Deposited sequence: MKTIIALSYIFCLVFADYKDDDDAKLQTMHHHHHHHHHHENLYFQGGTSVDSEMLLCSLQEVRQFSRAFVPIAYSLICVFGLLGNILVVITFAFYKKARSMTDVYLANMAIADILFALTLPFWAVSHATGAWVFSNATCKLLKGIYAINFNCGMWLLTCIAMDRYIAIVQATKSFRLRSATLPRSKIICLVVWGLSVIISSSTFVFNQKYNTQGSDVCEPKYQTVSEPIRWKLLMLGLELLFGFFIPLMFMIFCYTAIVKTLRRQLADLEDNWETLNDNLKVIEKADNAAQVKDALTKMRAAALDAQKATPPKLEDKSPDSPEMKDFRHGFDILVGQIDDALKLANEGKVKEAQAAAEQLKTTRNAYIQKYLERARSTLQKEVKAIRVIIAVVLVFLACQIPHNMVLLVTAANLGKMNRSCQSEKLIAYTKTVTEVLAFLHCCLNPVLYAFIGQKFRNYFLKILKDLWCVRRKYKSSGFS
């Protein structure tokens, strides 16, 4: 409580200098490599500029916690709380835009002003609910509070519950789609190899004809995986493959086991030349798209697991415990530093590009 007031201006200042420096390097990477910027990137860069705006607002909180009481005016306090609320709402709705963009990209300026502009609307409840109360010998600036409560509840529902269910639907759909695509790809490849071994070790034409049936159904499925020259090299390599299965099913229908096994030995040449080369090409593209989603998943999970308890504490307390207030306050203020940390560990686009900045 009173002891906890002593450690947080050291922690918030350390949050301030690392959080300021962490996100300018992101936004100076955004100005040096504008050719490779992306939708997600732009939304992530807007989250970074909201983070350095919060980094500028942090030293006011540092002095206000170091003095033990609020020194500046009420305009400053509701400016600080509105800046924190616009940071939270900007992060939530930019992750909403990222989720929508990645859903419409995988399953299937003028944006940035809208997401920033819409965040002022939901943070307008913070501008009127917060006032400096001089109670119990302490002049502290905390929110306290029928139409205003209805406006707060409607804005809370519309800005939080719809994007959270929208995220937990969309990102699970992305993960399930990517994992089932990899599972279908590997199942088709394992069918094509295992039934080839079955044909090679077979003795009677009943299992040769039955294994080619399973090979033809998997080679027809793997052709649907995929006007480019690489597009013509993929599908024509499967038209040879299914066309060579039909040359062995026709031989196995005549009752020739040894001629069917020799004709299915030529399926190894097409599998090595046309199939295995684009098996690894399609596999490595799926592992890259999984790794990009795993960065976005870690960004969403860090943002909610840090900012949701402080938002629930301030909503419960103002509607109606000393240790949980300062723990939740430093947890949501810690998020300003955790965002460029995640871009430096698993953030492959940021890490390789920032290393080129140090060379230049």
{"query": "Unmodelled intervals of the deposited chain, in order", "finding": "1 to 62, 171 to 185, 223 to 229, 311 to 319, 414 to 426, 467 to 480"}
